[PDB]
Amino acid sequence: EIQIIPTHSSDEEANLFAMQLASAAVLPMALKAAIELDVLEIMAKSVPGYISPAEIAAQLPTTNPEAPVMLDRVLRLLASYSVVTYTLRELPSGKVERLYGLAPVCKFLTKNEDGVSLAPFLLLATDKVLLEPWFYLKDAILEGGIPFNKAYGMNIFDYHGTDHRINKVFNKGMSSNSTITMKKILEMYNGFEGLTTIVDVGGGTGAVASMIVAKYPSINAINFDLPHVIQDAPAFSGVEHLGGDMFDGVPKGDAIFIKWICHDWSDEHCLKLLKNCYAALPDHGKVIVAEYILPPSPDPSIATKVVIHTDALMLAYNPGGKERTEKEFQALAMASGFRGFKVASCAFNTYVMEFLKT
């Protein structure tokens, strides 16, 4: 370990890092506006890279003379963070102009073959509704409670039942994200083959249930979630949509699949749901749990960052939620009656574990 001697040079880097931190929110917020204006889809479709901000603006419903320069300024920020790429063209007239192209991350920020990306997940994570709890984080640490419940007087799921705009944003966000992950899950994970019935507990609007039934047409699926979510679930052949509250019970099936459910809830709420799962399954049933697994240390890798970001988000938003290690998941499994524990697969940082009653 070599010691860095403090100098004006190292003080400058520390100062500018603090300044970068101060205004770090400009990145997701600028990206959110690019996605809502459909700037990246325009780039994806119009690119002969690289396109000028004036050529992008020409495809927007605007007569604002300042649109191209406003777009230029946004895209320059995105370029510095490698969300887009750029080239420079000298204007026959002396000044330097930037043209922009899509960077490799835009594969997941623009619709793929099959009409899906992570952009709706980004719109959800940057929604007004979800920024507000952050201003009550201090209060929840000092006064107890949940910053989101302090913001609006109820938990986030009850709030989705009262704000139909955010309910749609959230359901579309989760569906897009699970679609992308499940497609890769389905390629490498064999645990669904052979089952007659599967229940998706907190399955949202049913994207995962419907993909499993598409791959395995002899499976019958039940998409189980809250009534305000189920009311908006598209019909899909092989999928039964059922509204309820999982803490009160879950539908019977041969296996139960829970994706991104455990991390929303405290260990006690988890134990309760997992007992409910244990009771709805036959003697050799299994719970298939798809979640992130906390890494060993808070290292600076992007994969670790994504898991620690989501842990922090389940501090603001949710009733006791947190990310967990592989030992903590096995602990919860053994404590709710399952004798078998297997880490089965991994896609995009999401691990598939089986809790086996066996």
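Start at 1 and count along the sequence shown; that's the residue number.
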{"item": "Gap size between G49 and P48, counted in deposited residues that the entry leaves unmodelled", "value": "1 to 3"}
{"item": "Higher-B stretch (mean Cα B-factor, as the entry records it), 19 to 27 or 332 to 340", "value": "332 to 340"}
{"item": "Average Cα temperature factor in the PDB entry - higher stretch of 86 to 94, 157 to 165", "value": "86 to 94"}
{"item": "Residue of maximum C-alpha B factor among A103, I219, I256, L130, per deposited coordinates", "value": "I219"}
{"item": "Candidate set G202, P147, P120, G194 [ranked by C-alpha B-factor, highest]", "value": "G194"}
{"item": "Chain-wide C-alpha B factor ranking for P319, given as lowest, middle or highest third", "value": "highest"}
{"item": "Entry-reported Cα temperature factor of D299, expressed as the chain third it lands in", "value": "highest"}
{"item": "Ranked C-alpha temperature factor of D283 among modelled chain residues, by third", "value": "highest"}
{"item": "Ranked against its chain, the third holding the CA B-factor of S345", "value": "highest"}
{"item": "Lowest, middle or highest third - CA B-factor, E36", "value": "middle"}
